[PDB]
Amino acid sequence: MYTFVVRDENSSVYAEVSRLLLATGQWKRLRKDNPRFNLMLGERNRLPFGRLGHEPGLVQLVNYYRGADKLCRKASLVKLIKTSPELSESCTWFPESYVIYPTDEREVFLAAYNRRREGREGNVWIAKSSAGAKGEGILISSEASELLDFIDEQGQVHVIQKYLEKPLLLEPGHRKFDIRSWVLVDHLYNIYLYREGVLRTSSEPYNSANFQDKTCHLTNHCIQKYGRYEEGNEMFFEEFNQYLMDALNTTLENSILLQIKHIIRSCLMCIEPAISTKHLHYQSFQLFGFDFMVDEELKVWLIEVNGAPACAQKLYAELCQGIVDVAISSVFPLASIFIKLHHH
Amino acid sequence: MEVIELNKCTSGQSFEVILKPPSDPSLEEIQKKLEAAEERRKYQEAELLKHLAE
Amino acid sequence: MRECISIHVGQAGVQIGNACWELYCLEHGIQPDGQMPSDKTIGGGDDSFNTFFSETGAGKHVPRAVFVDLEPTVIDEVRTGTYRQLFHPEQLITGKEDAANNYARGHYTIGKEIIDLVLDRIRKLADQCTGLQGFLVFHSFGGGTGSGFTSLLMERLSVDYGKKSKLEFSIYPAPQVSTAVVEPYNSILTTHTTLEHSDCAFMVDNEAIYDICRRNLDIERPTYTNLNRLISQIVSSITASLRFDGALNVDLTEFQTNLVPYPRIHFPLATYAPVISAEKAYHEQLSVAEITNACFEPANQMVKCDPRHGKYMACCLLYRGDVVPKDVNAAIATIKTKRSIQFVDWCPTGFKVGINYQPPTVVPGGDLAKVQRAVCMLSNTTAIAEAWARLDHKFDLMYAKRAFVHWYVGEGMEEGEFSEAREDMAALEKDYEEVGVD
Amino acid sequence: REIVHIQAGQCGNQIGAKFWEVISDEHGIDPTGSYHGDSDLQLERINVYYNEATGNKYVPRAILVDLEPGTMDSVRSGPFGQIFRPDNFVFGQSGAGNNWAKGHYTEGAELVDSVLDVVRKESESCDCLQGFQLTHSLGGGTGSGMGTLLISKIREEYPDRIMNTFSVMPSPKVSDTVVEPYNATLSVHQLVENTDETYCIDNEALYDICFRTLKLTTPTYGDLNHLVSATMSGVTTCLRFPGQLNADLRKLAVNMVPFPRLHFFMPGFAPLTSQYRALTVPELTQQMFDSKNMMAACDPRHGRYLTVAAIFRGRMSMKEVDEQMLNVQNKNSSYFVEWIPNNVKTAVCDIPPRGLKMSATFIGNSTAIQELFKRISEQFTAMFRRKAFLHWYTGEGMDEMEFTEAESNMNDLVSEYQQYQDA
Ligand SMILES: Nc1nc2c(ncn2[C@@H]2O[C@H](COP(=O)(O)OP(=O)(O)OP(=O)(O)O)[C@@H](O)[C@H]2O)c(=O)[nH]1
Ligand SMILES: Nc1ncnc2c1ncn2[C@@H]1O[C@H](COP(=O)(O)OP(=O)(O)CP(=O)(O)O)[C@@H](O)[C@H]1O
Ligand SMILES: Nc1cc(C(F)(F)F)c(-c2cc(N3CCOCC3)nc(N3CCCC3)n2)cn1
Ligand SMILES: Nc1nc2c(ncn2[C@@H]2O[C@H](COP(=O)(O)OP(=O)(O)O)[C@@H](O)[C@H]2O)c(=O)[nH]1
Ligand SMILES: [Ca+2]
Ligand SMILES: [Ca+2]
Ligand SMILES: [Ca+2]
Ligand SMILES: [Ca+2]
Ligand SMILES: [Mg+2]
Ligand SMILES: [Mg+2]
Ligand SMILES: [Mg+2]
C-alpha cells in the first residue's frame, strides 16, 4: 500500500487529510522521521526539501512548493509584483505597496505620499507584516510620519500599503468584508480554485473618521471575537451572490469572480518556472489561501496570499476530500468541487 | 550582454559573455597522528592478549 | 607544456580511470599498444596531449597515471585487459587485503604501510616532468580505500608538492549502486581531512548517473561499465582543455580561478548533454540552444539538486563539436529570460565559454550514441549543499547511537575524529547558507 | 583470500561434511577432488575454500576435530570422505560425554594443541588468510566446549583475523541430554566475546520446518542437516563466486555488526518445498522474509532488524528483485530500525544451487534473536536454581561461580537487544 508521514501537528487541513487517507485502508502513517514515505505532510518552516526524492523506488510527494514563500510573505510579494515583468509596476489589482526596514523603499513611499498630501487625495495607508501573526502589529494612519515610528519600535520588516478608503459595504450594517479563496496547485501545476469561498465580515459599521478603532477596519476572524448578521462573521457564496443580485442587479461570477480568477492565474503562472516540480526528482502540491478586497466600484484587489491556510468549518470535509482526490490519489491511485483555471 | 576575450585556434575557440556586472600540517605532524593511531591499536591488542592469558 | 599526473585510488577510482584512459586513447588516436601513428615526433614532444602522456624511444605513449588499490583484483584486470601494454608495471600498485569499507583502516592501519611506496612511484612520474602542474585524484567517498587512503595521500601530496594544484573526481554514495552501510561515515571523514588539500573537486552522485543511464540510455539495470563510460565522457569534457589546444582552463590553476572564489566552497556542479542511446536507431540531433537549455535541467546534473533555489558564483560552458559562439550567445540570451539564474551580488552574471571542434568520441560498441555536439556546464552553485545536508543527516542518524563506530576505534581512530569531522561539515553547510540564502 | 574451515564434535562434523558435499558439487569437484565442471565461474574463487594439490586436485581447507573417533570414521566412509586431507583429521578416544567442561577444560585441553598444529599448517600456506569458520553445536561437549576453547586459542594466535561460526542451538524438541542449556549458556558467553559473526541455527526451527512445512512426520538429523547445508551454501555464496560487490569476511562483518556483541544472525532460505514448479521473484522475496522460513525460532515481528543481507541465486529479473525488495520493506516498515539508513542489502549470483532454478538466502541481524537467548536462559535457570546436574561439571574442576557469570552475561546480551529494539 501507500505510506505517509505527518510533520505539522498544528495543521487543521492536513489532520483531516491524514484522517481521510487512513480511512481508505490503503494508506499507513509512519513515524515523523521515517524516510520511506510516499507522501510528506511537511512542517511549515525549514522543510527539508533537499532530502526528498533520493529514496530508491519511492515516488515521493510533498504538500508544499519550495519557493512559494515568494508569494506568501508580504515583503516578497511586494518585491515580486514590482520586479516581475509579467506582473510589472503596471499591475492594477494590487494596492500601492512599499517595503520598509527599521532594497528599502523608505524614500519613494514619502514621494507618493507627498503627491497625495499636496493633492488632498485620500492619504490613508496601512502598515503590516507577516511577522504580525493573527491580529497583532497593524497600524492604519492618515499621517506618514506616524506610520514609520510604529515600524521602528518593532524590529522586523513591514510593508506600507494604501488602505482602501472606498470598500464595498454590505447592507444592512454599512460593514466591511474580505474574501478568502482556496486554491490547490497539483504536481502537474494545474490550478484548481475551490468552488466555495468565504466572506470574512466585520460585525460593526465602517467608520472612515477614526482609524484608531481597529474592529470595523480589520476583517480578521480572530479580531471580531459579533455574529448577528451571519454565523461566525462568515458569509458563503450562495448568500453573497443572492445579495449582489438583489442589491446591485449583478452576479458574483460577473462582478468579482472573473477578477479573482485572473489574479490567481497571474500570480501562480508568474512563479511557475521557479517552483514547478515537473522534471524534478520529487513532486509538490500546495493549498493556498488568497485574500481579496472589493471596492465600491466592484473592483477586486489582492491583499495577501497565505501559504498554510485554515479552512471554514463547514467546508473542511468537502475541501479536504478534494485534496485527496485531486492532489494525492492522482499520484497514488487507490484500488468536481474545483474550477480548473486553464493556462499556458 | 558583452562578449570579451575571444581566442581562436584551429581546434576551437573560447570567450566570456557578461550579462550583468556585480553589485598546512607538516610531515612530522602526519607521522605523529599515524603512530598515535598505531600505538592505540597496539594498546588494545595487548589488553586482548592480557585478557586471553588470564 | 606542463604535465598532469592522474591518480586512481580504490575500486571506483581504478575502474573509472580505466574508462577514462580508454577514452583518451580513442580521442588522441593512441592504440592499446601505446603507438600513435599521427605523432610524427618519435620519442618526445611538448604537444598538448603530452600533458597526459609521456613517450618512450619506441614511440609508446604512456599515461602519466598511478593506480593504487589495497587488494589486487581490480588492478589485476588492468594488468590483463585490453590496455595492459599501455602502463608500466611500476604504475600499478596493489596491496594484500583491503580497507573493508573502513576509512580508519584505509587511512591509519593500511595507509601507514603503503603510503611511502605510493609516493615513491609518484615521484618517479614527477621526475619525468619538466613542469608539473599537479594531480587529478579519482576515488569514491564510500570505500575504505577511496576515502581513507586518499585523504592520507592528499595530505602527503601537499607536503611533497606544496606549490602544485590538486583536483578531485569523487564518487558520492548512492544506495541504488552497491553501497556499504557505513559510507556516510567514510564520506564525512574523508571530506573533513581532504578539504584543506583539494583546490577543486567534482562530485558525481551515483544516483544521478544511475538515473541518466536508466532514463536516457534505456538500461534497466546499469552496470559499473555503463556508469563508468558515462562518467568518463564527463571527465573527458572537463579535462579536454588540458589535452587539446585551447585558451580556457588550460592549466589546473585556471579551475580554481574560474570556478572557486572561496577555497572551502570548491565543489562545482557538472551538467552534461546530450546523452542519447546508441541502440536508438532513430535520433534527431539537438541544437546549441537545446543542449544549452538541458544544462539547467536537474535530470542532467551529476548531483541531483535544485539550482533554482541556490545562487551561482561562477559558470563555465564547455562545448564539443559543431558549435560557434554566435549560437551560444543566442541560446544564453533565451535561457536567461526563461530560467531562474541568480548570481551572488559580488560576482558578475556571466559565462566563460570554451568550444572544442572535435565532437565527443564514444567507445565503439558502447551505450552512447555519437552526437554532433555536446556541452558540459561547470557551475559553482550553493544548491550542491543539498548533497552535504543529505549525507550529514544520514551520518547523524547512525552516530547518535554510535552504530558501527567500534570498527573505526578498533583501527586506532579516536571517537573524537567523528565529531570533529561532523562539525567541519556543519560549518561547510553554514558557509553555503551564508553565500546563497537571503 | 583463503578461509580455514574447522568442524568440531558430532553435530559439527555431520553438518560440516554436508556443507562440503554441497559446495563441492557447486564448484564441479568430484569425490576424488578432481574438477569436472563446465564454467570458469566455478574455479575463479575456488581457492577461498580449497587448496590445489598436484595433479590438478582440489582439497578442502578443512580440519575435522572430535574427542571420539565415531563421527569421523563415518565421514571418512561417507560420500565425499576421500577429499579431506587425511592429516586434517584430529581426534581423541575419550569422548566429552555431552559435557562442556570436558570439552573446554579436561579432555579437550589434551587435544587442542594438535588441532592448532594443523590450523597453523593451513594458515601458513595461505596467500592472505581471511579468517576462520567453525561448525559446531552448542548443546554437547566437544563442539560446544572444545569448539569455544579452540576459538579462544585461535584468537590469541591470530587476533587480527575474522572468526565466524555456524552454531546449532539446542531445543528440548530435538534434545539428546538435559544438560544442553548448561552447555549452550557457557558457549554463548564465549561466542559473545570471540566471534565476529555467528549464524544461529536453532534445532527447534529446523524441526518445525521439517514437520510443518516439508511435511516430514518424523524428521531425522539427516533431514535437519539438509536445511543447514543449503543455508550454509547460501550465506557463503558471495564469498565463493565472482559476484561483484567484492565481499570478504571483514567487509561482511563491517556491514552486519553495528555493535560488537550483537553479532548473532537469524538465517533463512527459500524455497522450502514438500518439486519442478517455477518459483517467481515475488514468491522468493515473500518467503525468505516469512518467519516460517527462518532457522532461528524467533518471530521477527517481535523485534526490529538492525541489518539484513539477502542473496538471490539464479537467472532472474534484477529489476524485479530490486522492486520486490523495496516492496517487502514497506509492508514491514516498522521492523527496520530507522537510525541505520539503507540497512538492507541485496546481492545476486547467477549460479543456482543444485536442483533449483532460483533460490534466496536471508541473513538478518534482528533484535528478535533475544527470544532464542531467553529460551535458553529460562531452561538454564530452571535447573541451576536447584543446582541440578551440576556435579557433572564440578567433577571436572568447575565452580558454580562460572555458571553464574555465564548466566549474567547472557541476560546482559538479552537486555542489550531489548535496548536497541526500542531506540
Ligand atoms: N561509479 C562507480 N562507483 C563505484 C565503482 N566501484 C565502486 N563504486 C562505488 O564506490 C563505493 C564503494 O567504494 P570502493 O571504491 O569500491 O571501495 P575501495 O576504495 O576499493 O575501498 P575498500 O573498502 O578497500 O574496498 C560505493 O558507493 C560504490 O557504489 C565504479 O566502478 N563506478
Ligand atoms: N490595503 C488595505 N485596504 C483596506 N483594508 C486592508 C488593507 N490591507 C489589509 N486590510 C485589512 O486588514 C485585514 C488583515 O490584513 P492581512 O490579511 O494583511 O493580515 P493577516 O495576514 O494577519 C490576516 P489573514 O491571514 O486572514 O490575511 C484584512 O482582513 C483587511 O480587511
Ligand atoms: N553473508 C553475507 C552476505 C552479504 C552480501 F551478500 F554480500 F550481501 C553481506 C553483506 C555485504 C555488504 N556489502 C556492502 C559493501 O560491499 C561489500 C558487501 N553489505 C551488507 N549489508 C547488510 C546490511 C547493510 C549492508 N551485507 C553480508 N553477509
Ligand atoms: N542439526 C543437528 N543437530 C545435531 C546433530 N547432531 C547433534 N545435534 C544436536 O547437537 C547437540 C548435541 O551435541 P553433539 O554435537 O552431538 O555433541 P559433541 O559431539 O560433544 O559436540 C544437541 O543439541 C543435538 O540436538 C546434527 O547432525 N544436526
Ligand atoms: Ca611526440
Ligand atoms: Ca595546498
Ligand atoms: Ca587423558
Ligand atoms: Ca605444540
Ligand atoms: Mg497572513
Ligand atoms: Mg576495494
Ligand atoms: Mg551426540
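Cβ coordinates were reconstructed from backbone atoms using ideal geometry, including for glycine residues, and neighbour counts include every protein chain displayed. Laboratory data are not the source of any read-out in this text; all were calculated from the coordinates shown.
Amide H to amide H under 5 Å from D:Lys345: which residues, 5+ apart in sequence or cross-chain, H placed 1.01 Å off N in plane?
D:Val308, D:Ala309, D:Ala310
For segment D:369-423, what ratio Rg/Rh do Cα atoms give with a Kirkwood hydrodynamic radius?
Values: Rg = 13.2 Å, Rh = 12.3 Å.
Expressed as Rg/Rh, it is 1.08.
Per residue, how big is the convex hull around the C-alpha atoms of segment C:38-82? Give it to me in cubic angstrom, could you? Kindly include the intermediate steps, with their values, before the conclusion.
Values: hull volume 4.2 nm³, N = 45.
Enclosed volume per residue, from the Cα hull, is 94 Å³.
Rule-of-thumb check for segment A:212-344: C-alpha Rg over 2.2 N^0.38 Å?
On the way: Rg = 17.7 Å, N = 133, 2.2 N^0.38 = 14.1 Å.
That ratio works out to 1.25.
With a Cα-only, solvent-free Debye model of segment C:140-285, what are the log10 I(q)/I(0) values at q = 0.22 Å⁻¹?
-1.41
In the structure shown, do any of A:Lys166/A:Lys261; B:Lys32/D:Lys121; B:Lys42/D:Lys374; A:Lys28/D:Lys215 have a Cα-Cα gap over 31 Å, and if so which? Numbers along the way, then the final one.
Working: A:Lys166/A:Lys261 22 Å; B:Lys32/D:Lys121 38 Å; B:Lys42/D:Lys374 37 Å; A:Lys28/D:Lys215 37 Å.
Result: B:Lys32/D:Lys121; B:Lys42/D:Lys374; A:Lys28/D:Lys215 exceed 31 Å.
Give the residue from D:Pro86, D:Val178, D:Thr218 lying farthest towards the positive end of the charge dipole for chain D; charges sit on Cβ (+1 for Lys and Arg, -1 for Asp and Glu) and the dipole is referred to the Cα centre.
The residue sitting farthest along the positive end of the dipole is D:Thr218.
So for segment D:157-256, Kirkwood radius off the Cα pairs, Stokes-Einstein at 10 °C and 1.306 mPa s: how many µm² s⁻¹?
Values: Rh = 15.6 Å.
It diffuses with D of about 102 µm²/s by this estimate.
Provide a whole-number value for the mean count of partner chain Cβ atoms within 10 Å of the Cβ atoms in peptide D:323-331. Could the numbers behind the result be given before it?
Numbers: counts 1, 0, 2, 5, 1, 0, 3, 10, 2.
The shielding value for this peptide is 3.
Please state the equivalent ellipsoid semi-axes for segment D:217-322: what are the square roots of 5 times the Cα gyration tensor eigenvalues, largest first, in whole Å? Walk me through the numbers on the way to the answer.
Working: eigenvalues 102, 77, 47 Å².
So the equivalent ellipsoid measures 23, 20, 15 Å along its semi-axes.
If you filter segment A:110-157 for trypsin sites (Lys or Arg not before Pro), then keep DSSP loop positions with at most 13 other Cβ within 10 Å, what is left?
A:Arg120, A:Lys134
First measure r as the distance between the Cβ atoms of A:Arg117 and A:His279, then evaluate 1/(1 + (r/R0)^6) with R0 = 51 Å and state the FRET efficiency to the nearest 0.05.
Working: r = 52 Å, r/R0 = 1.02.
Using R0 = 51 Å, I get an efficiency of 0.50.
P(r) for segment C:93-170, please, calculated from all Cα pair distances in 10 Å bins and given in %.
19, 51, 27, 4
Expressed as a whole percent, how much of the Cα-Cα distance distribution for segment A:1-63 exceeds 16 Å? It would help to have the intermediate numbers written out before the result.
Details: 793 of 1953 pairs.
Here the long-distance tail beyond 16 Å is 41 percent of all Cα pairs in segment A:1-63.
Looking only at C:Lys280, C:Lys164, C:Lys311, which one moves most when chain C is put into a Gaussian network model with springs between Cα atoms under 10 Å?
Fluctuation is largest for C:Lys280.
Give the distance, in whole Å, between the Cα centre of segment C:51-70 and the Cα centre of segment A:296-344.
That distance is 65 Å.
Around C:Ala65, which amide H atoms from residues at least 5 apart in sequence, or from another chain, sit under 5 Å from its own amide H, with H modelled in the peptide plane?
Here C:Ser6 satisfy the definition.
When the Karplus curve 6.51 cos²θ - 1.76 cosθ + 1.60 is applied with θ = phi - 60°, which whole-Hz ³J(HN,Hα) does each residue of segment D:11-27 get, with x for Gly and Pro?
With coefficients 6.51, -1.76 and 1.60, one gets 3, x, 7, 6, 6, x, 4, 5, 3, 5, 4, 5, 6, 4, 5, 4, 8 Hz.
What is the spin-label model distance, in nm, from D:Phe389 to A:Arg228 if the labels are put 7 Å beyond Cα along the C-beta direction?
Placing both labels 7 Å beyond Cα along the Cβ direction yields 9.2 nm.
When the dipole is taken about the Cα centre of chain A, and only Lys, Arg (+1) and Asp, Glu (-1) are charged at their Cβ, what size is it in debye, to the nearest 20? Please report the intermediate quantities before stating the final value.
Working: 39 positive and 43 negative charges, 254 e Å.
Dipole magnitude for chain A comes out near 1220 debye.
Which values, in whole Å and largest first, are the semi-axes of the equivalent ellipsoid of segment A:28-101 obtained as the square root of 5 times each eigenvalue of the Cα gyration tensor?
36, 13, 10
Given all pairs of different Cα atoms, what value in angstroms does the Kirkwood hydrodynamic radius of chain C take?
Values: mean 1/r = 0.0453 Å⁻¹.
Mean inverse Cα-Cα distance, inverted, gives 22.1 Å.
What's the magnitude of the charge dipole for the protein assembly as shown around its Cα centre, counting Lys and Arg as +1 and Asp and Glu as -1 at the beta-carbon? Answer in Debye, nearest 20. Provide the component values of the computation, followed by the final result.
On the way: 123 positive and 164 negative charges, 518 e Å.
Taking the Cα centre of the protein assembly as shown as origin, the dipole is about 2480 debye.
Going by the alpha-carbon gyration tensor, a ≥ b ≥ c the square roots of its eigenvalues, is chain D rounded (a/c under 1.5) or, if a/c is not under 1.5, prolate (a/b greater than b/c) versus oblate? Walk me through the numbers before you get to the answer.
Working: a/c = 1.57, a/b = 1.11, b/c = 1.42.
Oblate.
Among C:337-348, A:295-306, how do they line up by average Cβ neighbours within 10 Å per residue, starting with the highest?
Peptide ranking by packing, descending: A:295-306, C:337-348.
Can you compute the equivalent ellipsoid semi-axes for segment C:230-345, i.e. the square root of 5 times each eigenvalue of the Cα gyration tensor, sorted largest first and rounded to whole Å? It would help to have the intermediate numbers written out before the result.
On the way: eigenvalues 106, 73, 47 Å².
In descending order the semi-axes read 23, 19, 15 Å.
For segment D:259-368, just the Cα atoms, rotate onto the principal axes and tell me the three extents in Å, largest first.
Principal-axis extents of segment D:259-368 (Cα, largest first): 40, 28, 24 Å.
To check you understand DSSP bridge types, tell me what percent of the beta bridges within the protein assembly as shown (both residues inside) are antiparallel, rounded to 5. Could the numbers behind the result be given before it?
On the way: 92 of 167 bridges.
Looking only at bridges with both residues in the protein assembly as shown, the antiparallel portion is about 55 percent.
With the convex hull built on the Cα atoms of segment C:1-160, state its orientation-averaged projected area in nm². Intermediate results must be reported in sequence, preceding the final value.
Values: hull surface 34.2 nm².
Its average projected convex-hull area is 8.6 nm².
From the phi angles alone, apply the Karplus equation (6.51, -1.76, 1.60; θ = phi - 60°) to segment A:45-61 and give each ³J(HN,Hα) in whole Hz, x where the residue is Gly or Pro.
Using θ = phi - 60°, the values come out as 10, 6, 5, x, 3, x, 9, 8, x, 10, 9, x, x, 9, 6, 10, 10 Hz.
Between D:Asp113 and C:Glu90, what is the FRET efficiency for a Förster distance of 35 Å, r being their Cβ-Cβ separation, to the nearest 0.05? Before the final figure, lay out the partial values.
Numbers: r = 45 Å, r/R0 = 1.29.
That pair, D:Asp113 with C:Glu90, gives E of 0.20.
Which whole-number percentage describes the relative contact order of segment A:1-63, with Cα contacts under 8 Å and a sequence gap of 6 or more? Write out the running numbers ahead of the final one.
Numbers: 82 pairs, mean separation 25.2, N = 63.
Relative contact order comes out at 40 percent.
Collect residues whose amide H, placed 1.01 Å from N in the peptide plane, falls under 5 Å from the amide H of D:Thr165; neighbours closer than 5 in sequence don't count.
So D:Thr165 has HN proximity to D:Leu134, D:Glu197, D:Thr198, D:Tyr199.
Ranking request for peptides A:276-284, D:117-125: highest mean number of other beta-carbon atoms within 10 Å first, then the rest in descending order.
Values: A:276-284: 18.6, D:117-125: 15.2.
Order by mean packing, descending: A:276-284, D:117-125.
Divide the volume of the convex hull of the Cα atoms of the protein assembly as shown by its number of residues and quote the answer in cubic angstrom per residue.
Working: hull volume 266.7 nm³, N = 1259.
Given the Cα convex hull of the protein assembly as shown, per-residue volume reads 212 Å³.
Provide, as a two-decimal number, the C-alpha radius of gyration of segment A:96-165 over 2.2 N^0.38 Å, N being how many residues it has.
Values: Rg = 11.5 Å, N = 70, 2.2 N^0.38 = 11.1 Å.
Normalised by 2.2 N^0.38 Å, the Cα Rg of segment A:96-165 equals 1.04.
What number results when the radius of gyration of segment C:166-240, computed over Cα atoms, is divided by 2.2 N^0.38 Å? Before the final figure, lay out each step's value.
Numbers: Rg = 13.6 Å, N = 75, 2.2 N^0.38 = 11.3 Å.
Rg over 2.2 N^0.38 Å, computed on Cα atoms: 1.20.
Using only the Cα atoms of segment B:14-54, construct the convex hull and provide its projected area averaged over every direction, in square nanometres to one decimal.
Values: hull surface 35.0 nm².
With the hull built on Cα positions only, its mean projection is 8.8 nm².
Toward the positive end of the charge dipole of the protein assembly as shown, about the Cα centre and with charges on Cβ (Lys, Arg +1; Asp, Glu -1), which of C:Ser237, C:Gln11, D:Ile369 goes farthest?
Final value for the positive-end residue is C:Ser237.
On a 30 Å Cα-Cα criterion, which of the cross-link pairs C:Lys394/D:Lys292; C:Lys96/D:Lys345; A:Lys70/C:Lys326 come out too long?
Table pairs above 30 Å Cα-Cα are C:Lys394/D:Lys292; A:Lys70/C:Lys326.
For segment C:279-393, what log10 I(q)/I(0) values come out of the Debye formula at q = 0.09, 0.14, 0.17, 0.22 1/Å, with one point per alpha carbon and no solvent?
Scattering profile of segment C:279-393, log10 relative to I(0): -0.28, -0.66, -0.92, -1.28.
Find out how many positive minus negative residues lie around C:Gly95, taking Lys and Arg as positive, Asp and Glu as negative, among other residues whose Cβ is under 10 Å from that of C:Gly95. Can you show the working numbers first?
Values: positive: C:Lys96; negative: C:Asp69, C:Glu71, C:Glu97, C:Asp98, C:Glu113.
Taking every other residue near C:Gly95 into account, the sum is -4.
Hey, can you rank A:184-196, C:112-124 by average C-beta count inside 10 Å, highest first? Please list the in-between numbers first.
Numbers: A:184-196: 19.3, C:112-124: 16.1.
Highest mean packing first, the order is A:184-196, C:112-124.
Hey, what do the phi angles of segment C:52-65 turn into as Karplus ³J(HN,Hα) couplings, whole Hz, using 6.51/-1.76/1.60 and θ = phi - 60°, x for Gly and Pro?
Couplings: 9, 10, 8, 9, 8, x, 6, x, 6, 9, 10, x, 7, 9 Hz.
Over the Cα atoms of segment D:331-423, each weighted equally, I'd like the Debye log10 I(q)/I(0) at q = 0.17, 0.25 Å⁻¹, rounded to two decimals.
With one equal scatterer per Cα and no solvent, log10 I(q)/I(0) is -0.86, -1.29.
Build a GNM of chain C with springs between Cα atoms under 10 Å: which of C:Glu386, C:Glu77, C:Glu97 gets the top mean-square fluctuation?
For chain C, modelled as a Gaussian network with Cα springs under 10 Å, the answer is C:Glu97.
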